[PDB]
Amino acid sequence: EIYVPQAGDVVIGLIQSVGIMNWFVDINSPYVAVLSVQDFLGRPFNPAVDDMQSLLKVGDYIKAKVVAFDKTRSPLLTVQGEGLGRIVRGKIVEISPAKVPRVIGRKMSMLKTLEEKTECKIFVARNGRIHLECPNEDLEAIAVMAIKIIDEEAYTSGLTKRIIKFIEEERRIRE
């Protein structure tokens, strides 16, 4: 069981391949989403003086919203938005689209936690991708295994506090 797009789902996308007017993005869904130079520029595409499939190369991750599905079921992304767009530095972590909620916590509780304990900036993408951002390599590694562990956790009895102690003992040796 995996992720299925829904007009509104902000997602972390991986530019698979580039075309002429569009970029095809890996959305961690059965169907490949599309993002056009039209939507990206808020201006009709102009192959002559304009065109530059160098605004997004292959390998780029992009924070984008799903707006609808074209007459073939392919989801149509948009870069126009809050903080939507290409992602610079940081880490992208893939998780089971299923374990996404138990990483945010009741009222983003479980989430605020990690951001607070590791000081890392975190955005949990409803599609199973996560962008970790913080000024520290060792510190982020922790925050990764932090998400890694929560995901793999088969016995979730008391995990929030049980995880906070993990991070603490982690940074206690990582420095």
# chains A, B, ... in the order shown; residues from 1 in each chain; ligands from 1
>>> residues_around(residues="range 153-161 of chain A", least_positions_apart="2", cutoff="10 Å", atoms="only C-alpha atoms", output="PyMOL selection string")
chain A and resi 99+102-103+105+109-111+113-114+147-151+163-166
>>> write_last_selection(atoms="N, CA and C atoms", output="mmCIF file, in the first residue's frame")
data_model
loop_
_atom_site.group_PDB
_atom_site.id
_atom_site.type_symbol
_atom_site.label_atom_id
_atom_site.label_comp_id
_atom_site.auth_asym_id
_atom_site.auth_seq_id
_atom_site.Cartn_x
_atom_site.Cartn_y
_atom_site.Cartn_z
ATOM 1 N N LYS A 99 3.707 5.522 7.631
ATOM 2 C CA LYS A 99 4.234 5.994 8.905
ATOM 3 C C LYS A 99 4.340 7.516 9.002
ATOM 4 N N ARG A 102 2.318 9.154 12.268
ATOM 5 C CA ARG A 102 2.927 8.891 13.567
ATOM 6 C C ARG A 102 4.311 9.517 13.691
ATOM 7 N N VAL A 103 4.605 10.466 12.810
ATOM 8 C CA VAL A 103 5.881 11.167 12.831
ATOM 9 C C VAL A 103 5.574 12.634 13.080
ATOM 10 N N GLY A 105 2.593 13.392 14.920
ATOM 11 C CA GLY A 105 2.031 13.313 16.254
ATOM 12 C C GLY A 105 0.735 14.076 16.412
ATOM 13 N N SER A 109 2.589 17.170 17.618
ATOM 14 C CA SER A 109 3.336 16.983 18.851
ATOM 15 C C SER A 109 4.661 16.278 18.583
ATOM 16 N N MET A 110 4.574 14.999 18.234
ATOM 17 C CA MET A 110 5.744 14.177 17.957
ATOM 18 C C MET A 110 6.747 14.892 17.068
ATOM 19 N N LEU A 111 6.264 15.776 16.197
ATOM 20 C CA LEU A 111 7.154 16.496 15.292
ATOM 21 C C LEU A 111 7.882 17.635 15.987
ATOM 22 N N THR A 113 8.690 18.018 18.640
ATOM 23 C CA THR A 113 9.693 17.354 19.451
ATOM 24 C C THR A 113 11.054 17.325 18.771
ATOM 25 N N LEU A 114 11.174 16.544 17.699
ATOM 26 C CA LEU A 114 12.449 16.429 16.998
ATOM 27 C C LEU A 114 13.028 17.793 16.646
ATOM 28 N N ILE A 147 14.112 9.712 12.678
ATOM 29 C CA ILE A 147 12.971 9.403 11.818
ATOM 30 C C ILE A 147 13.040 7.929 11.420
ATOM 31 N N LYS A 148 14.241 7.469 11.081
ATOM 32 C CA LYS A 148 14.439 6.077 10.684
ATOM 33 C C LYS A 148 13.829 5.160 11.740
ATOM 34 N N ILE A 149 14.265 5.342 12.985
ATOM 35 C CA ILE A 149 13.779 4.544 14.103
ATOM 36 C C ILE A 149 12.262 4.615 14.282
ATOM 37 N N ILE A 150 11.694 5.813 14.401
ATOM 38 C CA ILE A 150 10.246 5.903 14.564
ATOM 39 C C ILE A 150 9.519 5.090 13.504
ATOM 40 N N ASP A 151 10.027 5.137 12.274
ATOM 41 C CA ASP A 151 9.417 4.423 11.158
ATOM 42 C C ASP A 151 9.440 2.914 11.382
ATOM 43 N N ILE A 163 12.080 8.313 22.706
ATOM 44 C CA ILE A 163 12.903 8.761 21.579
ATOM 45 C C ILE A 163 13.778 9.943 22.009
ATOM 46 N N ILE A 164 13.205 10.840 22.814
ATOM 47 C CA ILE A 164 13.923 12.015 23.300
ATOM 48 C C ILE A 164 15.182 11.621 24.058
ATOM 49 N N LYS A 165 15.120 10.504 24.775
ATOM 50 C CA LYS A 165 16.287 10.036 25.504
ATOM 51 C C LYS A 165 17.305 9.524 24.493
ATOM 52 N N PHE A 166 16.821 8.968 23.389
ATOM 53 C CA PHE A 166 17.718 8.468 22.353
ATOM 54 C C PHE A 166 18.551 9.599 21.751
#
>>> select_by_dssp(residues="range 21-85 of chain A", states="strand (DSSP E)", output="VMD selection string")
chain A and resid 22 to 26 33 to 36 61 to 69 75 to 78 85
>>> residues_around(residues="range 30-47 of chain A", least_positions_apart="3", cutoff="10 Å", atoms="only C-alpha atoms", output="JSON, numbers by chain")
{"A": [2, 3, 4, 5, 13, 14, 15, 16, 18, 19, 20, 21, 22, 23, 24, 25, 26, 27, 50, 51, 52, 53, 55, 56, 64, 65, 66, 68, 69, 70, 72, 73, 74, 75, 76, 77, 78, 79, 80, 85]}
>>> write_last_selection(atoms="C-alpha atoms", output="PDB file, in the first residue's frame")
ATOM      1  CA  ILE A   2       1.472   3.338  -1.149  1.00  0.00           C
ATOM      2  CA  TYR A   3       0.752   7.053  -1.699  1.00  0.00           C
ATOM      3  CA  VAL A   4      -1.927   8.362  -4.025  1.00  0.00           C
ATOM      4  CA  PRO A   5      -2.036  12.088  -4.930  1.00  0.00           C
ATOM      5  CA  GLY A  13       9.386  15.858  -5.687  1.00  0.00           C
ATOM      6  CA  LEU A  14      12.358  14.394  -7.425  1.00  0.00           C
ATOM      7  CA  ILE A  15      12.863  15.607 -10.971  1.00  0.00           C
ATOM      8  CA  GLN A  16      13.071  12.315 -12.926  1.00  0.00           C
ATOM      9  CA  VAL A  18      13.333  16.929 -18.263  1.00  0.00           C
ATOM     10  CA  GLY A  19      11.358  17.636 -21.432  1.00  0.00           C
ATOM     11  CA  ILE A  20      10.488  20.728 -23.444  1.00  0.00           C
ATOM     12  CA  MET A  21       7.619  22.465 -21.663  1.00  0.00           C
ATOM     13  CA  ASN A  22       7.472  20.178 -18.677  1.00  0.00           C
ATOM     14  CA  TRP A  23       9.553  18.369 -16.093  1.00  0.00           C
ATOM     15  CA  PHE A  24       8.478  14.907 -14.977  1.00  0.00           C
ATOM     16  CA  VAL A  25       8.630  14.460 -11.214  1.00  0.00           C
ATOM     17  CA  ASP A  26       9.000  11.358  -9.082  1.00  0.00           C
ATOM     18  CA  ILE A  27       6.285  11.831  -6.500  1.00  0.00           C
ATOM     19  CA  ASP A  50      13.454  32.345 -22.165  1.00  0.00           C
ATOM     20  CA  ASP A  51      13.625  28.563 -22.265  1.00  0.00           C
ATOM     21  CA  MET A  52      16.116  27.171 -19.805  1.00  0.00           C
ATOM     22  CA  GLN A  53      15.708  23.630 -18.626  1.00  0.00           C
ATOM     23  CA  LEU A  55      15.920  26.034 -13.698  1.00  0.00           C
ATOM     24  CA  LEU A  56      15.491  22.418 -12.633  1.00  0.00           C
ATOM     25  CA  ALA A  64       5.395  21.322  -4.806  1.00  0.00           C
ATOM     26  CA  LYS A  65       1.572  21.177  -4.492  1.00  0.00           C
ATOM     27  CA  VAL A  66      -0.777  18.879  -6.419  1.00  0.00           C
ATOM     28  CA  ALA A  68      -5.307  18.329 -10.302  1.00  0.00           C
ATOM     29  CA  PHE A  69      -4.980  15.397 -12.666  1.00  0.00           C
ATOM     30  CA  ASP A  70      -4.810  15.817 -16.435  1.00  0.00           C
ATOM     31  CA  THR A  72      -4.881  10.741 -18.121  1.00  0.00           C
ATOM     32  CA  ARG A  73      -4.580  10.599 -14.307  1.00  0.00           C
ATOM     33  CA  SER A  74      -1.095  12.153 -14.117  1.00  0.00           C
ATOM     34  CA  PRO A  75      -0.972  14.570 -11.187  1.00  0.00           C
ATOM     35  CA  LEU A  76      -0.290  18.204 -12.075  1.00  0.00           C
ATOM     36  CA  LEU A  77       2.094  20.059  -9.762  1.00  0.00           C
ATOM     37  CA  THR A  78       2.556  23.764  -9.131  1.00  0.00           C
ATOM     38  CA  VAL A  79       5.550  25.715  -7.889  1.00  0.00           C
ATOM     39  CA  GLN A  80       3.565  28.889  -7.242  1.00  0.00           C
ATOM     40  CA  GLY A  85      10.004  25.387  -5.202  1.00  0.00           C
TER      41      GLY A  85
END
>>> closest_residue(among="A:136, A:6, A:29, A:96", to="residue 119 in chain A", atoms="only C-alpha atoms")
A:136
>>> residues_around(residues="residue 89 in chain A", least_positions_apart="3", cutoff="12 Å", atoms="only C-alpha atoms", output="list in words")
residues 60, 61, 62, 86, 92, 121, 131, 132, 133, 134, 135, 136 and 137 of chain A
>>> write_last_selection(atoms="N, CA and C atoms", output="PDB file, in the first residue's frame")
ATOM      1  N   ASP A  60      17.207  17.215  -8.758  1.00  0.00           N
ATOM      2  CA  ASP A  60      16.692  18.267  -7.912  1.00  0.00           C
ATOM      3  C   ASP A  60      15.448  17.803  -7.168  1.00  0.00           C
ATOM      4  N   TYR A  61      15.292  18.283  -5.953  1.00  0.00           N
ATOM      5  CA  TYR A  61      14.108  17.919  -5.210  1.00  0.00           C
ATOM      6  C   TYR A  61      13.306  19.198  -5.219  1.00  0.00           C
ATOM      7  N   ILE A  62      11.988  19.090  -5.300  1.00  0.00           N
ATOM      8  CA  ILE A  62      11.174  20.296  -5.321  1.00  0.00           C
ATOM      9  C   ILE A  62       9.963  20.180  -4.410  1.00  0.00           C
ATOM     10  N   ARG A  86      12.241  24.676  -5.757  1.00  0.00           N
ATOM     11  CA  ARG A  86      13.425  23.841  -5.678  1.00  0.00           C
ATOM     12  C   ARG A  86      14.001  23.925  -4.271  1.00  0.00           C
ATOM     13  N   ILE A  92      16.880  14.675   2.374  1.00  0.00           N
ATOM     14  CA  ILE A  92      15.564  14.185   1.987  1.00  0.00           C
ATOM     15  C   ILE A  92      15.531  12.742   2.475  1.00  0.00           C
ATOM     16  N   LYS A 121      15.349  21.763  11.283  1.00  0.00           N
ATOM     17  CA  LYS A 121      14.101  22.240  10.693  1.00  0.00           C
ATOM     18  C   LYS A 121      13.541  21.020   9.982  1.00  0.00           C
ATOM     19  N   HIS A 131      12.235  16.756   4.524  1.00  0.00           N
ATOM     20  CA  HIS A 131      13.363  17.650   4.323  1.00  0.00           C
ATOM     21  C   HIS A 131      13.866  18.108   5.695  1.00  0.00           C
ATOM     22  N   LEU A 132      15.102  17.732   6.008  1.00  0.00           N
ATOM     23  CA  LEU A 132      15.726  18.088   7.272  1.00  0.00           C
ATOM     24  C   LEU A 132      16.692  19.195   6.965  1.00  0.00           C
ATOM     25  N   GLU A 133      16.648  20.248   7.769  1.00  0.00           N
ATOM     26  CA  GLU A 133      17.533  21.378   7.563  1.00  0.00           C
ATOM     27  C   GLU A 133      18.065  21.900   8.889  1.00  0.00           C
ATOM     28  N   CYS A 134      19.385  21.920   9.020  1.00  0.00           N
ATOM     29  CA  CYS A 134      20.039  22.430  10.216  1.00  0.00           C
ATOM     30  C   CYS A 134      21.532  22.582  10.008  1.00  0.00           C
ATOM     31  N   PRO A 135      22.123  23.604  10.646  1.00  0.00           N
ATOM     32  CA  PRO A 135      23.555  23.883  10.550  1.00  0.00           C
ATOM     33  C   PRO A 135      24.447  22.905  11.317  1.00  0.00           C
ATOM     34  N   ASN A 136      24.329  21.615  11.022  1.00  0.00           N
ATOM     35  CA  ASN A 136      25.183  20.623  11.669  1.00  0.00           C
ATOM     36  C   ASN A 136      25.058  19.226  11.064  1.00  0.00           C
ATOM     37  N   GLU A 137      26.185  18.684  10.609  1.00  0.00           N
ATOM     38  CA  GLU A 137      26.234  17.360   9.988  1.00  0.00           C
ATOM     39  C   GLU A 137      25.918  16.215  10.956  1.00  0.00           C
TER      40      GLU A 137
END
>>> residues_around(residues="residue 97 in chain A", least_positions_apart="2", cutoff="9 Å", atoms="only C-alpha atoms", output="number ranges by chain")
A: 1-3, 28, 94-95, 99-101, 125-129
>>> write_last_selection(atoms="C-alpha atoms", output="PDB file, in the first residue's frame")
ATOM      1  CA  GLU A   1       0.000   0.000   0.000  1.00  0.00           C
ATOM      2  CA  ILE A   2       1.472   3.338  -1.149  1.00  0.00           C
ATOM      3  CA  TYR A   3       0.752   7.053  -1.699  1.00  0.00           C
ATOM      4  CA  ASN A  28       6.536   8.476  -4.701  1.00  0.00           C
ATOM      5  CA  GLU A  94      12.088   8.517   2.461  1.00  0.00           C
ATOM      6  CA  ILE A  95       9.651   6.723   4.770  1.00  0.00           C
ATOM      7  CA  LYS A  99       4.234   5.994   8.905  1.00  0.00           C
ATOM      8  CA  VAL A 100       3.897   9.679   7.976  1.00  0.00           C
ATOM      9  CA  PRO A 101       1.229  10.541  10.583  1.00  0.00           C
ATOM     10  CA  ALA A 125       5.671  15.503   3.193  1.00  0.00           C
ATOM     11  CA  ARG A 126       2.389  13.634   3.045  1.00  0.00           C
ATOM     12  CA  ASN A 127       3.961  11.498   0.311  1.00  0.00           C
ATOM     13  CA  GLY A 128       6.667  10.037   2.520  1.00  0.00           C
ATOM     14  CA  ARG A 129       9.513  12.438   1.937  1.00  0.00           C
TER      15      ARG A 129
END
>>> select_by_dssp(residues="range 1-165 of chain A", states="helix (DSSP H, G or I)", output="ChimeraX atom specification")
/A:37-41,97-99,101-103,109-118,137-152,160-165
>>> write_last_selection(atoms="C-alpha atoms", output="compact mmCIF listing (two decimals), in the first residue's frame")
# COMPACT_ATOMS: atom_id res chain seq x y z
CA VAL A 37 7.56 25.79 -17.35
CA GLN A 38 4.21 27.49 -17.73
CA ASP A 39 3.28 27.21 -14.05
CA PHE A 40 6.89 27.62 -12.94
CA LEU A 41 7.28 30.98 -14.68
CA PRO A 97 3.81 6.79 3.22
CA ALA A 98 1.97 4.97 6.01
CA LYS A 99 4.23 5.99 8.90
CA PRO A 101 1.23 10.54 10.58
CA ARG A 102 2.93 8.89 13.57
CA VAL A 103 5.88 11.17 12.83
CA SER A 109 3.34 16.98 18.85
CA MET A 110 5.74 14.18 17.96
CA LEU A 111 7.15 16.50 15.29
CA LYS A 112 7.73 19.72 17.24
CA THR A 113 9.69 17.35 19.45
CA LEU A 114 12.45 16.43 17.00
CA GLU A 115 12.71 19.97 15.68
CA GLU A 116 13.10 21.05 19.31
CA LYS A 117 15.41 18.28 20.53
CA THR A 118 17.71 18.28 17.45
CA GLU A 137 26.23 17.36 9.99
CA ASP A 138 26.42 15.15 13.12
CA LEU A 139 23.31 16.76 14.48
CA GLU A 140 21.32 15.99 11.34
CA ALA A 141 22.56 12.37 11.23
CA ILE A 142 20.85 11.96 14.63
CA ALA A 143 17.63 13.55 13.36
CA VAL A 144 17.75 11.08 10.48
CA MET A 145 18.06 7.90 12.58
CA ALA A 146 15.44 9.61 14.72
CA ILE A 147 12.97 9.40 11.82
CA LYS A 148 14.44 6.08 10.68
CA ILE A 149 13.78 4.54 14.10
CA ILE A 150 10.25 5.90 14.56
CA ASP A 151 9.42 4.42 11.16
CA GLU A 152 10.80 0.97 11.95
CA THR A 160 7.99 10.19 22.29
CA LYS A 161 9.86 10.30 25.59
CA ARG A 162 11.61 7.06 24.77
CA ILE A 163 12.90 8.76 21.58
CA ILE A 164 13.92 12.01 23.30
CA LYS A 165 16.29 10.04 25.50
>>> closest_residue(among="A:169, A:106, A:120, A:67", to="residue 91 in chain A", atoms="only C-alpha atoms")
A:120
>>> closest_residue(among="A:104, A:49, A:130, A:10", to="residue 84 in chain A", atoms="only C-alpha atoms")
A:10
